[PDB]
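Notes to accompany the following structure.
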Amino acid sequence: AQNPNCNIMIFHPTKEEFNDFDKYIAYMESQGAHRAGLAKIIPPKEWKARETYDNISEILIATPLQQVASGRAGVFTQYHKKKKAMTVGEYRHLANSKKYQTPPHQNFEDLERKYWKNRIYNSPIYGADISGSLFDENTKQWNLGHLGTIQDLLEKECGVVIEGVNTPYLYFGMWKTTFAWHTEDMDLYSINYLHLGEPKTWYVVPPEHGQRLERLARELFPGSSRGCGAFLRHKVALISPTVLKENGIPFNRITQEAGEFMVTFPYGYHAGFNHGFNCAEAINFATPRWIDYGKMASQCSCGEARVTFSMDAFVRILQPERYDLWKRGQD
Ligand SMILES: O=C(O)CNC(=O)C(=O)O
Ligand SMILES: [Mg+2]
Ligand code: NI
Ligand SMILES: [Zn+2]
């Protein structure tokens, strides 16, 4: 069995190996990458997402989200308070302000310590979940706006044509902006490219151990657990590395820098934080190996998790028994 300790693997494809996305994902899995839940891909040196980032300041962040924490330093929830619209140029200025900027630090490890010690006492603003792309239309390799769609994968594997579309999202981050512990909708893969700016630190639990994290989460967030049998689908709960170590939950950590891709694998729980002003682009995708995870994915039916148009068909076709109850939650 390849990669049996479920370590995060880092790949350095050549320009020749960067041509066929599906084939390279399948190569990574042949080496065991998926067992970690997360992999890093450093693009060939010849490759670029686009020529420059000089003309992005007029992109609008229609609903910036203020991430307000409750709890204790190592075990907290966050809620998202909607703020007034602002442009990317306005947001970057805010991120760089004395109130919001990255503090002086020695290295990534010192910054990680400061994040866990102090996150809860501040409410950073995240420009998350913005439909769009920063890939140049002429970039032919690993262009997250030109991937094969999940609807076409389901059709190719299962023979059923379904409605729905699959497009990327932009994330504009600042110091302490946070992504809570989650897997993807329908336990899909995701791919994330850090276009510019400061790093993003990731934590991940191997897929084979996801239920261990769920059991800990039910213990640490007991009201939330009673409210919903899949409450980590709400994407609001944080648990520190110190707490995970104290409770024997297997995980790994890695920092992504500008110019690098990350892939999350089916049922790979992940969480993390941004180091300073940055812009990432991400999208879900599927492979043939995903189908069985989609069939087994938990669902939120309490009504909190509220998701895309396109998830309807996935539930309907892969989880017909759950369909009725899940749709009541969506309506
Ligand atoms: O970058 C973020 O805020 C969150 N991204 C993801 O969870 C992902 O790419 O799967
Ligand atoms: Mg612009
Ligand atoms: Ni994710
Ligand atoms: Zn729920």
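In order, the residues displayed for chain A correspond to 11-341 in Swiss-Prot numbering, which applies throughout.
Just so it is clear, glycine is given a Cβ too, placed from its N, Cα and C backbone atoms.
Site annotation for Fe cation in Swiss-Prot covers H192, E194, and the matching candidate from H103, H115, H280, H285 is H280.
Noted from Swiss-Prot: of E26, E119, the annotation polyADP-ribosyl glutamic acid belongs to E26. Among the recorded positions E26, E194, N202, the residue whose Cα lies closest in space to that of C310 (Zn(2+) binding site) is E194. The C-beta environment of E26 (polyADP-ribosyl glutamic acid), restricted to residues of the same chain at least 6 apart in sequence and closer than 8 Å, is empty. The DSSP breakdown of the domain 'JmjN' (18-60) into helical (H, G, I), extended (E, B) and coil residues amounts to 14 helix, 7 strand, 22 coil. Around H192 (Fe cation binding site), the C-beta neighbours below 8 angstroms that are at least 6 residues distant in the chain are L242, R243, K245, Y279, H280, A281. All chains included, 16 other C-beta atoms sit within 10 angstroms of the C-beta of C312 (Zn(2+) binding site). Neighbour density for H244 (Zn(2+) binding site): within 10 A of its CB lie 20 other CB atoms from the protein chains shown. When the Cα of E27 (polyADP-ribosyl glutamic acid) is compared against those of the binding-site residues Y136, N202, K210, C238, the shortest separation belongs to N202.
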